[PDB]
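What follows is each chain in one-letter form.
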Amino acid sequence: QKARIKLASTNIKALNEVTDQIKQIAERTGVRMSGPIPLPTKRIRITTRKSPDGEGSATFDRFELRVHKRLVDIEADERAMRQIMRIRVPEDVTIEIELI
Amino acid sequence: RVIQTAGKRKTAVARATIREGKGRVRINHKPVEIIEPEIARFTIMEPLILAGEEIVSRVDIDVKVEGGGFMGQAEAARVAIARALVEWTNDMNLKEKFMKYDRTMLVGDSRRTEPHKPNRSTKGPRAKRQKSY
Amino acid sequence: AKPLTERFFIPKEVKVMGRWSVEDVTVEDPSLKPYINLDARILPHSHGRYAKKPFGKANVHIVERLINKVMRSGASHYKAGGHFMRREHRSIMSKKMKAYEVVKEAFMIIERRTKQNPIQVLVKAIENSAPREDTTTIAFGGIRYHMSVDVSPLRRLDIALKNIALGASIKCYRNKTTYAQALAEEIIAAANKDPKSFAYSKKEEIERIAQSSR
Amino acid sequence: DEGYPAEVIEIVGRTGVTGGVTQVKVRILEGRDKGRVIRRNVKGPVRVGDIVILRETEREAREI
Amino acid sequence: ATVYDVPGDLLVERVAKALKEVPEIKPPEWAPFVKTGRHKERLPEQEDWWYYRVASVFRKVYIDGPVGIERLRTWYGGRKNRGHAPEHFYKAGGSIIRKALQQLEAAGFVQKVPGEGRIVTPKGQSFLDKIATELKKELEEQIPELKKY
Amino acid sequence: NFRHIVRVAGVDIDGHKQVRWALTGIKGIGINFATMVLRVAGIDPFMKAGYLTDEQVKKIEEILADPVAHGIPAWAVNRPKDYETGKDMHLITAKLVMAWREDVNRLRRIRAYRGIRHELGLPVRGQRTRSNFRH
RNA sequence: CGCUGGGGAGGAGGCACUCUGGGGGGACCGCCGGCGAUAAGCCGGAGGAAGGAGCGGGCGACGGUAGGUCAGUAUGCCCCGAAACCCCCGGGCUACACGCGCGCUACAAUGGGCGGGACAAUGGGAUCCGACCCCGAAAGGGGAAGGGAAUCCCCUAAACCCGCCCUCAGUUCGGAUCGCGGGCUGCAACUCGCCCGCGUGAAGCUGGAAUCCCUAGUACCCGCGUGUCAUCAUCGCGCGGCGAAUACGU
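### Digging into the protein's contact with RNA strand G
Line of reasoning, step 1. RNA strand G sits among 193 residues. The nearest are C:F84, E:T36, E:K40, E:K60 and F:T129.
Line of reasoning, step 2. One of the side-chain N or O atoms of E:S95 is found 3.3 Å from a phosphate oxygen in RNA strand G.
Line of reasoning, step 3. Here the element with the most residues in the surface near RNA strand G is strand β2 (residues 34-49) of chain A; it accounts for eight residues.
Line of reasoning, step 4. Across the surface near RNA strand G, the residue classes tally to 45 nonpolar, 62 polar and 86 charged.

### Considering the interface of chain C and chain E
Line of reasoning, step 1. Every contact between the two is made by six residues of chain C and, on the other side, seven residues of chain E.
Line of reasoning, step 2. Taken together, both faces of the contact between chain C and chain E bury some 550 Å²; the carbon and sulfur share is 63%.
Line of reasoning, step 3. One salt bridge in this structure joins C:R7 and E:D9, with 3.2 Å as the shortest N-O distance.
Line of reasoning, step 4. The tally of links from chain C across to chain E stands at two residue pairs in polar contact.

### Re the sheet that holds strand β4 (residues 30-31) of chain B
All names here are of chain B.
Line of reasoning, step 1. Taken together, the five strands give an open sheet; going across it, the order is β1-β2-β5-β3-β4, and neighbouring strands pair in mixed fashion. The sheet is open, and its two edges are formed by β1 (3-9) and β4, each paired on a single side.
Line of reasoning, step 2. The pairing of β1 with strand β2 (residues 12-19) spans seven bridges and is antiparallel. In the strand pairing of β2, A6 is matched with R15.
Line of reasoning, step 3. Where helix α2 (residues 70-89) meets the sheet, it contacts β1, β2 and β5 (60-66), and its direction lies at approximately 145° from that of β1.

### Let's talk about a negative patch on the surface
Residues and elements named next belong to chain A.
Line of reasoning, step 1. A surface patch of negative charge is lined by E17, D20, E91 and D92.
Line of reasoning, step 2. By the element assignment, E17 lies in helix α1 (residues 12-28).
Line of reasoning, step 3. A relative accessible area of 41% places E17 in the partly exposed class.

### Points about the arrangement of the chains
Line of reasoning, step 1. Summarising the chain contacts, six pairs of chains touch, and the pair with the most contacts is chains C and D.
Line of reasoning, step 2. Without any contact between them, chain A and chain E keep their closest C-alpha atoms 26 Å apart.

### Observations regarding the packing of aromatic side chains
All names here are of chain E.
Line of reasoning, step 1. What the rule picks out here adds up to seven aromatic pairs over all chains.
Line of reasoning, step 2. Their ring planes at 20° and their centres at 5.2 Å tell us that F109 and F127 sit as a pair that is stacked. Within this pair, whereas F109 is found in the loop between α4 (96-107) and β3 (110-113), its partner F127 is found in helix α5 (residues 122-139), the two being separated by 18 residues in sequence. Note on accessibility: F109 and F127 belong to one class, buried.
Line of reasoning, step 3. An aromatic cluster of at least three residues, connected via ring pairs, comprises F58, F109 and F127.

### Digging into the sheet that holds strand β1 (residues 4-15) of chain D
Strand pairs in the sheet, formed through backbone hydrogen bonds, run parallel or antiparallel to each other.
Line of reasoning, step 1. Taken in spatial order, the six strands line up as β3(C)-β6(C)-β3(D)-β2(D)-β1(D)-β4(D) in an open sheet, and their pairing is mixed. Edge positions in the open sheet fall to β3 (133-136) of chain C together with β4 (51-54) of chain D, since each of these has one partner strand only. Here the average twist between neighbouring strands, direction ignored, is 50°.
Line of reasoning, step 2. Looking at chain direction, β1(D) and strand β2 (residues 21-28) of chain D are connected through eight bridges and run antiparallel. Its bridge partner lying in β2(D), D:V8 is registered against D:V26.
Line of reasoning, step 3. The sheet contacts of helix α5 (residues 153-170) of chain C involve β6 (147-151) of chain C together with β3 (35-43) and β4 of chain D, and relative to β6(C) the element is tilted by about 95°.
Line of reasoning, step 4. Sheet strands touched by helix α7 (residues 198-213) of chain C: β3 and β6 of chain C. Its angle to β3(C), the strand with the most contacts, is close to 60°.

### Considering the interface of chain D and chain C
Line of reasoning, step 1. Listed per partner, the contact involves 22 residues of chain D and 27 residues of chain C.
Line of reasoning, step 2. Taken together, the two surfaces of chain D and chain C that pack against each other cover about 2300 Å², and 55% of this comes from carbon and sulfur.
Line of reasoning, step 3. Summed over the three residues of chain D that lose the most area to chain C, namely D:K43, D:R55 and D:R59, the buried surface amounts to 30% of that side.
Line of reasoning, step 4. Joining chain D to chain C, the criterion identifies four salt bridges.
Line of reasoning, step 5. The salt bridge partner of D:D1 is C:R132, with a shortest N-O separation of 3.1 Å.
Line of reasoning, step 6. Across the contact surface, chain D and chain C share nine residue pairs in polar contact.
Line of reasoning, step 7. Looking at side-chain class alone, the side of chain D that touches chain C contains nine nonpolar, three polar and ten charged residues.

### Considerations on the side chain of C:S148
Line of reasoning, step 1. Here C:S148 lies in strand β6.
Line of reasoning, step 2. For C:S148, a relative accessible area of 7% corresponds to the buried category.
Line of reasoning, step 3. Polar side-chain contacts of C:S148 include one of 2.4 Å to the side chain of D:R59.
Line of reasoning, step 4. What C:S148 contacts, discounting residues up to four positions off in sequence, is C:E133, C:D134, C:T135, C:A210, C:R214 and D:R59.

### Thoughts on the pairing of β3(E)
Line of reasoning, step 1. Here β3(E) runs beside strand β4 (residues 116-120) of chain E; their pairing, made up of four bridges, is antiparallel. Bridge assignment links E:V110 to a residue of β4(E), and that residue is E:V120.

### Here we look at the nonpolar core
Line of reasoning, step 1. Within the largest apolar cluster, 128 residues are counted, with the highest numbers of intra-cluster contacts made by B:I61, B:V63, E:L11, E:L19, E:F58 and E:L104.
Line of reasoning, step 2. No other element matches the ten residues that α2(B) contributes to this core.
Line of reasoning, step 3. Residue contacts for B:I61: discarding those within four places in its chain leaves B:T17, B:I18, B:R24, B:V25, B:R26, B:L48 and B:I81.
Line of reasoning, step 4. Ranked by size, the runner-up nonpolar core spans 24 residues in total, among them E:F33, F:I13, F:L23 and F:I29.

Conventions adopted
- Residues numbered from 1 in each chain as written, not as in the entry; some residues may be left out.
- Chains lettered and ligands numbered in written order.
- Part of a larger assembly, values for the part shown.
- Heavy atoms only, no water.
- Near = heavy atom within 4 Å.
- Polar contact = N/O pair within 3.5 Å; in protein donor to acceptor, adjacent residues only side chain to side chain.
- Helix = DSSP H or I, 4+ residues; strand = E, 2+ residues; numbered from the N terminus.
- Nonpolar A, V, L, I, M, F, W, Y, C, P; charged D, E, K, R; others polar.
- Contact = heavy atoms within 4.5 Å.
- Buried area = accessible area lost by both parts, 1.4 Å probe.
- Salt bridge = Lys/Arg side-chain N within 4 Å of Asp/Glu carboxyl O.
- Pairing = 2+ DSSP bridges.
- Axes fitted to C-alpha atoms, helices over the stretch in contact; angles between N-to-C directions.
- Patch = residues over 30% accessible without salt bridge, like charges linked within 9 Å, V, L, I, M, F, W, Y side chains within 5 Å.
- Areas by Shrake-Rupley, 256 points an atom, 1.4 Å probe, with all protein chains shown as cover.
- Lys, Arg positive; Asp, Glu negative; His and termini not counted.
- Charge placed at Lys NZ, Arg CZ, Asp CG, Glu CD.
- Buried < 20%, exposed > 50% of the residue type's maximum accessible area, 1.4 Å probe, protein only.
- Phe/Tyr/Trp six-rings, centres within 6.5 Å; stacked < 30°, edge-to-face > 60°.
- Core = buried A, V, L, I, M, F, W, Y, C linked by side-chain atoms within 4.5 Å.

Distances and angles like these do not, on their own, reveal function.
This is how it looks when you write it as structure tokens:
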């Protein structure tokens, strides 16, 4: 049995935190791991016009939101699952887990 | 033995493989001798003519190219082929000949596009709409 | 229709386009000798390099220079032959494929007619279309004169090639004649000193005005 | 008409109202005045060592 | 010897000449009164265009199979002169391609994978390689550097 | 054997040309419909007209008379679903103009927007007339 | 499959090459001869994936412009308070003798048409993208796998190459304008919507005086997502493909 964890966030530090934590919890115990795997970064761009009126040359405002993603497979051993679900994850990170 | 190699050009990557053989060269499943057009065929054949006869008569080459137009593909392929020939033959004579002829054979180009700016975004970064006065 | 033995050509030696030699050529004009590149090559294509370096115009093959001067769309905001030649969608702009084919058919006709080497013919044409003199406006005490000034061997070539390509573009505007055939006629005339050459005409006109203002 | 070669030696400076002209020093090497360095205006990109064709050999130019 | 060793236009001509000796391949009722695409204005100027169409479809199925009736519709499209409006790429129609594929199946040259395009059978894969070996034996007289393949 | 001016119904054409382009001179007949007619007639559209026997001329004109009976598809025809007969039919030259006129006149008779626009000489299909349509 | 040697698809199984995204190095006038002043720096030349703030961008000061915005929100004074508030149902902003701005399409061969060969990138997707199969000549219609985004789809782009017809003509250029017909989105398409098929076939044969944009993967040329969007892009913001000419100044 294997378990696959997907992580997304606007901050790289939280991702590195979670990765290090689960990597160490899996290493101190005997479990073959996978990753960390980087997926491409998702960028939401929005180009708008500055002026609230019409007059004036057109100067445009380009905003961007980058979102970094990570993937892991952990092999879902006896205690690994129950000791990994007991993690202290910040609320700026989206973590999901799927059993294959 | 086998030697693998790569080559780049604007939005285009080529992977090449070389070994012992008869003299065949395929670019993406079709022989070089029937590549079209001629302006893209001479580009790929130049190094095989420079190297000579007794060198290419005893190598079989293969190339797989992906991305960016027939000219980009042909140049990436010529680059890969030249690098592989040199790696396989170990001749500074061949190296100096190629570099005299054209140094981009072995030192690829390093030019991509430039982003666009907001007056005529489709046309380009420095083309602008026409003023009136 | 071209035969297959010409549609699928494979060069066996290092010659211009794999067909014509470049060592038997000669130049007797020392002012231009070092600016006419006659290096043994096959494909005369430089992908823009040698352009941002000031004197990079001396490491490019005259054939590629002629090709890039052939990549034309008539003449805009000035007039040649008595007309604006504006095309805007039917022009070979950024089409070296078509320019290459044109120059190829041209050199074919030249070799077929003259019984000589088209590159040697082109060299003699460029010589006989290279102007040695021009005019300019110099100022002293706050007035404008008109003086005659010598021209440099790097600009002579530019004007020669430009005028040849203009004559080609002119002899082909809305007439049954083709671009390649007109280019061949222009080159032959420039080499043989026939007033039918836009290029020789312009040269003699320039030198005439300059000798007058001398 | 067939002119006379002249080898450039020294760039003096740029002249002309627009800046497309160049005053230059040249020595003759073929004709009645081989030697006789002179000053001459020149139009276009030029560099030392170049060699120009002169139609008139006595029309020495102005200084700047 | 194989399809990947010869030019496509020549191969298609030499294959369409033979597609006629096969009787399961016949033009339908509406072939003469029909245009090969929204992106066109005038009708085909040939009387035997159906066979060129079906040969091209055969060979494209060979190469890019499994392939269904949308990728071929795209490859058989082009830009339409819309008048004063500017030009845009448009797709072809989906009766010619379909009837061609059905007739090829009737002749036994292609089979449909259940949910994944459409592919060639072994005899359909034999036909083309035969014709290509012939055309290559011919070209090697003019292109003497085509032998090694 | 060769002629210089052939005379299909009413109209004359140029024998130095191909038939599909020479038939294009009859109002109501294009290049596409000409191609269709010639195909249903059994004639190469690449032969220089003039080599056109009275046989072929008669066949073409009988075709033109009743196309949907010889198998010309009903959709590839000038006037489908005529007002007072159904009867998808085709019209060339002298008949055509009268149909146009009668259509516009019946639009004018019921006092409709399109007929009023036809009268005044203005556009009819929803265009904007402020910057263009200058005489 | 030929002349027996070559050539493709699964699958296991691997990460080598490609790619993705984290960290780190590397280029600094540092070495080499002048000029200047023995300084500051500039210029050759060497070396070097790359050279001289490497290239492209963002952030834009103390203040002025009684510059634009009360019709983006917030806001003072006057004004309407039973109306100038709040809803519905129909019309108009699309009206046309004309003058102007910005663009699209062309006035041919450095091309029009028909048939065959090719090669991308950026981005987006829930009553949403819709492969695959079947009807219809086309526009379009009925089933429906997969997909909550490196997994599936939108997506075999156009200019380009090859072969035949046209051969300097208001034409096989041009493609407006009108007629009959067939359909989609929508509570509702006349006013006033987009798309298709057949017919009709208007000015235009290179443009006075004047005037605009551009220094390298740049301009010219070619097409493509997206923003608006129940439908509708000759527009805006971006993406790639092909690819120069001239000057290193005043």
